[PDB]
Amino acid sequence: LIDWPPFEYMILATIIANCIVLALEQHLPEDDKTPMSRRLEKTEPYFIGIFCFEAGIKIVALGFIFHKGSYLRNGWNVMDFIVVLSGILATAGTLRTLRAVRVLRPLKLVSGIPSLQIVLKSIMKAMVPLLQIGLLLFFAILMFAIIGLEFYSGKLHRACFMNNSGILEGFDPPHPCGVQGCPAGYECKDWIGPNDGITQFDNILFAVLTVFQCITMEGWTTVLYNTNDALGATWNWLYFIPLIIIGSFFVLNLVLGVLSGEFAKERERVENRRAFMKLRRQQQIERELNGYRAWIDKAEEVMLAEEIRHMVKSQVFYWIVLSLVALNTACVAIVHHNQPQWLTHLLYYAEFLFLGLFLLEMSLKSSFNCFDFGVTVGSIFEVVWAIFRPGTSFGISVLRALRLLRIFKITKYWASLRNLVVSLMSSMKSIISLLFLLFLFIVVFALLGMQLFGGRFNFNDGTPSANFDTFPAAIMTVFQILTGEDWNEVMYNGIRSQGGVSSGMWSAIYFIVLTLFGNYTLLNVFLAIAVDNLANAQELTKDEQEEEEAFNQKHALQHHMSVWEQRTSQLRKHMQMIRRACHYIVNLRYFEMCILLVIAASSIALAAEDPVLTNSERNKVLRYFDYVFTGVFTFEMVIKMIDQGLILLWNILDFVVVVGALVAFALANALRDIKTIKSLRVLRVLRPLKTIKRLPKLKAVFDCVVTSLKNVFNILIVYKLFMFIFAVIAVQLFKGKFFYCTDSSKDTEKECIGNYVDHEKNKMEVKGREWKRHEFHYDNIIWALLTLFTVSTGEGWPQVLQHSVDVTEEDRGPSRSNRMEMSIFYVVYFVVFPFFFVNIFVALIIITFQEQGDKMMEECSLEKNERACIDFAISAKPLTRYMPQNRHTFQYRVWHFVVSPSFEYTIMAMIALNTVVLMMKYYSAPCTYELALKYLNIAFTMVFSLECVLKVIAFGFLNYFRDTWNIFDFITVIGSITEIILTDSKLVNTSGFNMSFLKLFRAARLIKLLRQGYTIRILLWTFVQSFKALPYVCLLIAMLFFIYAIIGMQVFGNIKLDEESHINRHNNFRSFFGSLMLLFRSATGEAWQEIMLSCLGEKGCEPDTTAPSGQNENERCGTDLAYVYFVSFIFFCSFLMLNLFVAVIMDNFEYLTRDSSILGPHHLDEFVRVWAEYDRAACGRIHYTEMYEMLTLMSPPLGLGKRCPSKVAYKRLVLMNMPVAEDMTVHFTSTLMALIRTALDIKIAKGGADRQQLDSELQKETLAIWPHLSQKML
Ligand SMILES: CC(C)CCC[C@@H](C)[C@H]1CC[C@H]2[C@@H]3CC=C4C[C@@H](O)CC[C@]4(C)[C@H]3CC[C@]12C
Ligand SMILES: CC(C)CCC[C@@H](C)[C@H]1CC[C@H]2[C@@H]3CC=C4C[C@@H](O)CC[C@]4(C)[C@H]3CC[C@]12C
Ligand SMILES: CC(C)CCC[C@@H](C)[C@H]1CC[C@H]2[C@@H]3CC=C4C[C@@H](O)CC[C@]4(C)[C@H]3CC[C@]12C
Ligand SMILES: CC(C)CCC[C@@H](C)[C@H]1CC[C@H]2[C@@H]3CC=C4C[C@@H](O)CC[C@]4(C)[C@H]3CC[C@]12C
Ligand SMILES: CC(C)CCC[C@@H](C)[C@H]1CC[C@H]2[C@@H]3CC=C4C[C@@H](O)CC[C@]4(C)[C@H]3CC[C@]12C
Ligand SMILES: [Ca+2]
């Protein structure tokens, strides 16, 4: 059957049918079957027989034994054979090898369509460079887990329980006990664990799982608070804050940098260049053809005039039909719940009027029409459908608001947007294939989850909304886990369904793999799409706006590039191969400095303040300091106004700060309405912002941030328009439907009145009936926008999805899982905004990042990366490893046992065994086991101690310290010796201060094996080195954190701490550090919307101990300005984070795009080690014997590739200005610069006649480098 014209199509149809059958299965607990599932069970033998037939046709009629082109030698066919063979065994039992393996059946579509094979191959190829990053992740997870094992092991097993109510009860977020006891009539008692004994550091596996959950920023604050009340809140913050900073933010930065570098490198491949050239020529032909079409119409209009639809090409008509769209846009954006009765009638007539008018507009007739026709026909279908079945109206006329994007034509930003759309439309098959492949993998994971946890989530308190029972529910749960929101809560259910923490922990692997390969594969795919489609648009725009300049300069006849642009252009060309004394007093040298000190002092004073106790000694002294601060601030500016003459800028905020402070005690000391005083005193939080103008580097980074915002604003407009469209559609879907009664029995507001018995937590209670609304809803467009923003941030969106699914009708209480098709809206929203637009913003910031340090046009004008390499030649001192000089019986004899391969390998084995021992501890270990662990540490610390004292014998006491790593080893071993001495000696002990930190010195031996990792070490060092080159972006982020913390403390600092809310003893604005921790928690996005709601409205106020008054409560505190305060913080911080990451990525863009074929900075180490090894001591001289054999042993990618080009290579040495005129001259730097010129920027060999101008250019380009280069040239 070697000819299969449609055989493959029929097999594909069979696979599709099998996928559909697998999608209709429903899983029930305790061996229960739906009658539909029993019928579906009958279809399996047919599929098994068909697949057996197709396998037999390819085994014995294509080849199985002949190894060349056999059936099983293909990787994509062994999977098919495994699936068919395991399916056969399932019918032989008439379960893991029987039914749990048929979830790979959808993966047979990938092998069926080789296009999907190519797409998957590209996906995998793009993800290879991330592997090393993954290694750097695992070590980090290994590093902190061990630290968590030595401190938190077994410390989370007691909790406050005693309530004289049945040896039970306690707070819903249970309060673990510690070294201080319960605060009240509670007593410490044995506790299973925080998440039913799952979130803990008992052994290394639990610690690793907890650390992995924390680095994903999912519930890490709960872990932090569990150890805050179990061991005190003094040092726990020192473990979790770095863990998020290193494990989560740093890894994300590294992943983004590596991915962007790989995308830039791979955009210059031959096939990609050919495709882009094809697209460019298509666009150029279209551009030239469009202009000629104007001639045909203009001529045709004239002849008919001198012997038709000329009004539809005029500005007036194009503006009227665009203002009518704007009028329609506002018409649909005013619909809201409980709208006035006349407004409904007016809008009902307006929709008909607008539909008729737009039909009339169409009657008088790019793809503008191709989209307008679709919008209008959809509107007709929607209005016709609504009339036949009244009650529901999704709303599609709002899609015609997309025509408002045509207003960009009058601007100068139309070319870039049109190019972006053109590039996206050209590369649409690839995008569709990528989305389909992601859908296929999601389907496979949903089926696997249905097998593992299907029909197992109905516990005693009810089944969760995120279950794997039906296919829609399983796919929703898998999507939620992929987005990484509340995945730990699903993992907890998946563990306690397989047998609890005892024997169900193996089910965590599913969620770990899903989280990893959804967090990073999704980012890879979508960032690749965004980068490859935005760089193409940038190149098209630059080639379209530069061919008109050249043409215009020819019509008369007859380097602000970003780092990305420069690097990508260079990568391509290298691939083919009275006012008299006031002026004096303000112009003093030591004047601005004292202003900085006073501003910093005022900021620190703002930091130290109690918002609850208004009238205290500290607050009084702080106000007294504020008096002199505002006096000096008035004095700093009155001398400038009588100097610069007021207005004949940036210091407007300084003026408002100075003025508002005077009014602050003008009204306070005027003598009722004390609230205006507090509201006016929040102004002084702009005091830190006064340092931006004074510091020039801070001003530079602020200007860079502003320019980035200006660059992104154009796409921000489109993002806002799409968000508005979605919000308008979301209103028509869930307007007024987010209401519920406190008891599930009642459905409307009429019944929801009175009292009812509540049977929660196995306890009865009489509670009033309240007709409440969900906290986040879609009642109007502002609430819809806020809800969609919170969903886009990714916080609490599963709860909003559940509320939307429970939606039933206009004014009725929810019905569980009533409308499950409402999850289409959220899936589409997630695919569009957080998956595509955010990556568009990131890519646009990446590819349009202007260099900040240089800010110069012609720094070298020939290259950019070799400037460091050019200056590296004079800085490449042969730093030796300090070999012994004595060569005697004492120093040398022991030295041969240091460089010997027995010693180093033995030390590596000892390090590996020590790391194995470190993770061998667990809670409730036998006493003999702990004793063995203790004595094992003693053995290892002697070997490392002996190694430390054996190095100093050979290298030298003042010589062994010359290396950073040897200092680290000495400090580690000294700390370990101190630790073992202090806690083992019978009489040398302590009873007071706790020296428990010394355990870190024992756990800091992991970094030793970091010496083995070469590329990991280089990458880490490069990123760390480029982190300290920009110490003012971090300063800007710190300033934003400080300002927002001060604002929150001054505004939300007096809210009463209440449990069951998110402003409690753990999370509040009471102190500066508490507010800073709250802001960090919100930045990581834990429950920031819950905090925003809990600091919103008329919350009860903290009792003020001081300031006596004649009332009891006066007024409630807590503003309604919380919304802005959080919505502005989630944006700003995020932006300020992104502008940081790119600032680190573009600083190392030379490393991230290495192109290891003509590498020059990475090759310097090889030449350095060769020169060091050949001459034991440099002595400032080079012999005339080893040069002629240098190119042979030196790496092939430079100098010498083979014997055929060896003649050319040698001709690149002779017949020019040779240094061998004097045989005792320099022969290293000469051939180095010869190689550098030959490898890059060949400009002298071709000419070979003029050399003085090149020497002058080299001398003038390196004037301030201590110019001893007079002999380097020779
Ligand atoms: C000089 C300014 C600008 C910088 C330093 C400001 C801070 C550190 C100073 C200024 C005023 C000070 C307070 C003044 C009065 C009291 C009351 C008493 O219980 C002693 C400590 C306490 C609570 C001080 C703590 C430290 C404090 C808050
Ligand atoms: C793969 C990711 C991107 C999700 C893709 C969306 C598809 C596969 C999912 C998401 C929402 C799902 C729908 C949600 C609810 C319902 C209502 C139910 O009575 C029939 C099935 C149906 C109609 C589901 C079919 C599958 C579905 C359309
Ligand atoms: C270019 C952009 C603006 C296109 C946006 C398309 C979005 C808004 C459309 C495309 C698919 C649509 C969904 C398709 C199906 C359903 C099920 C129906 O019972 C309620 C509406 C709902 C849930 C639609 C809501 C709106 C929707 C998500
Ligand atoms: C040789 C090393 C590197 C293997 C990897 C270490 C892991 C898999 C080993 C090392 C020590 C082991 C622990 C030793 C003893 C017990 C006590 C038992 O009641 C529960 C399991 C538990 C807590 C083990 C879990 C697995 C464990 C943590
Ligand atoms: C160099 C390191 C990595 C080697 C680790 C292996 C040794 C030290 C470990 C592995 C197996 C362990 C033993 C396993 C079982 C028992 C029996 C128990 O009743 C007391 C502890 C005791 C006796 C353990 C002591 C430590 C032990 C011998
Ligand atoms: Ca979250």
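Residues numbered from 1 in each chain as written, not as in the entry; some residues may be left out. Chains lettered and ligands numbered in written order. Part of a larger assembly, values for the part shown. Heavy atoms only, no water.

By the method listed in its record, cryo-EM, this PDB entry was determined to a resolution of 3.1 Å.

Engineer: Please give an account of the overall build of the protein chain that cites residues and values.
Structural biologist: The number of helices and strands found in the protein chain is 50 helices and six strands. Taking 33 Å as the expected radius of gyration for a compact globule of 1274 residues, we find that the protein chain reaches 36 Å, a close match to that expectation. Looking at the protein chain as a whole, 43% of its 1274 residues qualify as buried. Accessible surface, the protein chain as shown: approximately 72,000 Å² in total, 65% of it carbon and sulfur. (Helix = DSSP H or I, 4+ residues; strand = E, 2+ residues; numbered from the N terminus. Rg over C-alpha atoms; globule rule 2.2 N^0.38 Å. Buried < 20%, exposed > 50% of the residue type's maximum accessible area, 1.4 Å probe, protein only. Areas by Shrake-Rupley, 256 points an atom, 1.4 Å probe, with all protein chains shown as cover.)

Engineer: Can you lay out the nonpolar core for me, pointing to particular residues and giving the numbers?
Structural biologist: Formed by 229 residues in total, the largest nonpolar core has its most connected members in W220, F468 and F734. Looking at this core element by element, the count peaks at 21 residues for helix 28 (residues 696–734). Residue contacts for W220: discarding those within four places in its chain leaves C214, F240, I241, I244, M1077, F1080, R1081, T1084 and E1086. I599, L622, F629 and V657 belong to the second largest nonpolar core, which has 11 residues in total. (Core = buried A, V, L, I, M, F, W, Y, C linked by side-chain atoms within 4.5 Å. Contact = heavy atoms within 4.5 Å.)

Engineer: Lay out the site of ligand 5 with the relevant residues and their values.
Structural biologist: Ligand 5 sits among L913, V916, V917, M920, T928, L936 and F940. Notes on ligand 5: free accessible area 620 Å², of which the protein chains cover 41%. Of all the secondary structure elements, the ones that give two or more residues to the shell around ligand 5 are helix 34 (901–918) and helix 35 (927–954). Residues that form the shell around ligand 5 fall into these classes: six nonpolar, one polar and no charged. (Near = heavy atom within 4 Å. Nonpolar A, V, L, I, M, F, W, Y, C, P; charged D, E, K, R; others polar.)

Engineer: Which residues make up the pattern of salt bridges, and what values do they have?
Structural biologist: Summed over the entire model, instances satisfying the criterion amount to 40 salt bridges. Taking the shortest distance from any N to any O, the salt bridge between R418 and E544 comes out at 3.0 Å. Of the two residues, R418 is situated in helix 15 (residues 414–426) and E544 in helix 20 (residues 508–555); the sequence distance between them amounts to 126 residues. According to the relative accessible area criterion, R418 is partly exposed, its value standing at 24%. Put simply, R267, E268, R273, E539 and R572 are held in one network by salt bridges that share partners. (Salt bridge = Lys/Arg side-chain N within 4 Å of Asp/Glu carboxyl O.)

Engineer: Give me the UniProt feature "domain: EF-hand" in the protein chain: which residues, what numbers.
Structural biologist: The sites that carry the UniProt feature "domain: EF-hand" are, in the present numbering, residues 1162–1197. Across residues 1162–1197, helical content stands at 42% and strand content at 0%; the span's end C-alpha atoms are separated by 12 Å. (UniProt positions renumbered as here; feature names shortened; annotations may be inferred.)

Engineer: So what's going on with the packing of helix 7 (residues 130–149) against helix 40 (residues 1014–1027)? Which residues, and what values?
Structural biologist: Look at helix 7 against helix 40: their axes get within 10 Å of each other, and the N-to-C directions meet at 85°. On the basis of the axis angle, helix 7 is roughly perpendicular to helix 40. The segment helix 7 lies against helix 40, with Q132, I133, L135 and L136 engaging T1015, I1016, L1019 and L1020. Residues belonging to the contact of helix 7 with helix 40 are distributed by class as follows: six nonpolar, two polar and no charged. (Axes fitted to C-alpha atoms, helices over the stretch in contact; angles between N-to-C directions. Parallel < 35°, antiparallel > 145°, perpendicular 65-115°, else oblique.)

Engineer: Got a sec to walk through the packing of aromatic side chains? Specific residues and values, please.
Structural biologist: Under the criterion given, the structure shown has 80 aromatic pairs. For the ring pair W220 and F1080, a centre distance of 5.9 Å and an interplane angle of 85° mean the geometry is edge-to-face. Both residues of the pair, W220 and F1080, belong to the buried class. The ring of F276 is capped by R267, whose NZ or CZ atom sits 5.7 Å from the centre of that ring. (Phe/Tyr/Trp six-rings, centres within 6.5 Å; stacked < 30°, edge-to-face > 60°. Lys NZ or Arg CZ within 6 Å of the ring centre and 35° of its normal.)

Engineer: Explain empty space enclosed by the protein to me, and be specific about the residues and the numbers.
Structural biologist: Each pocket or cavity is described by its volume, and for the largest cavity that value is around 140 Å³. Forming the boundary of the largest cavity are 13 residues, of which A661, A664, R681, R684 and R687 lie nearest the centre. Elements supplying a minimum of two residues to the lining of the largest cavity: helix 24 (617–644), helix 25 (652–668) and helix 26 (675–681). Take the lining of the largest cavity: its biggest share by element is five residues, from helix 25. Roughly 80 Å³ of volume is contained in the second largest cavity. (1 Å grid on protein atoms, 1.4 Å probe; cavity = no way out; pocket = protein on both sides within 12 Å on 5 of 7 lines; lining within 4 Å. Points joined across faces, edges and corners; volume = space filled by probe spheres on them.)

Engineer: Could you give me a rundown of the coordination of the calcium ion (ligand 6), with the residues and numbers involved?
Structural biologist: Note on the calcium ion (ligand 6): its protein donors are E218 (OE), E485 (OE) and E795 (OE). The metal-donor distances range over 2.3 to 2.7 Å. Exposure class is identical for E218 and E485. Each is buried. (Donors = N, O, S within 2.8 Å, 3.2 Å for Na, K, Ca; no water.)

Engineer: Please provide a residue-by-residue account of the site of ligand 3, values included.
Structural biologist: Looking at ligand 3, the residues that line it are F394, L399, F722, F726, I729, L733, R819, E821, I824 and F825. Considering ligand 3 on its own, with 620 Å² of exposed area, one finds that the protein chains cover 67% of that surface. Of all the secondary structure elements, the ones that give two or more residues to the shell around ligand 3 are helix 28 and helix 31 (823–847). With four residues, helix 28 is the largest single contributor of residues to the shell around ligand 3. Taken together, the residues of the shell around ligand 3 sort by class into eight nonpolar, no polar and two charged.

Engineer: Give a description of the state of the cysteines that names residues and reports values.
Structural biologist: If you walk through the whole model with that rule in mind, you get four disulfides. What pairs with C160 in a disulfide is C182, and their sulfur atoms sit 2.0 Å apart. The disulfide joining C160 to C182 has a torsion of about -115° about its S-S bond and is therefore left-handed. You can see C160 sitting in strand 1 (residues 158–160) and its partner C182 sitting in the loop between strand 1 and strand 2 (188–190), a full 22 residues away along the chain. (Disulfide = S-S within 2.5 Å.)

Engineer: Quick rundown of the pairing of strand 5 (residues 765–768)? Include the residues and the values.
Structural biologist: Regular strands place their side chains on alternate faces of the sheet. Across four bridges, strand 4 (residues 755–758) lies against strand 5 in antiparallel orientation. Across the sheet, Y756 pairs through a bridge with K767, a residue of strand 5. Joining the antiparallel neighbours strand 4 and strand 5 is a turn of six residues, in which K761 adopts a positive phi near 40°. (Pairing = 2+ DSSP bridges.)

Engineer: Summarise helix 6 (residues 114–127); cite the residues concerned and give the values.
Structural biologist: Over its 14 residues, helix 6 runs 20 Å from end to end, which matches the ideal 20 Å to within 8%, given 1.5 Å per residue. Within helix 6 the residues assigned to the buried category are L116, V119, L120, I123 and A126. The arc that holds the buried residues of helix 6, viewed along the axis, is 125°, so those residues lie on one side. Opposite the buried face of helix 6, at more than 90 degrees from it, the exposed residues are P114, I118, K121, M124 and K125. Buried residues belonging to helix 6 abut helix 4 (75–92), helix 5 (108–112), helix 10 (237–266), helix 16 (429–453) and helix 20. (Expected span 1.5 Å × (residues − 1). Arc of directions from axis to C-beta.)

Engineer: Help me get a handle on the environment of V757, residues and values and all.
Structural biologist: Position of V757 among the secondary structure elements: in strand 4. Taking the C-alpha atoms as reference points, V757 and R769, separated by 12 residues in sequence, lie 9.8 Å from one another. When residues no more than four places from it in sequence are discounted, the contact partners of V757 are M764, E765 and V766.

Engineer: I'd love a proper account of the side chain of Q1089, names of residues and values included.
Structural biologist: Looking at the element boundaries, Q1089 is found in helix 43 (residues 1088–1094). The residues touching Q1089, leaving out its near neighbours within four places in the chain, are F776, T790, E795 and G796.

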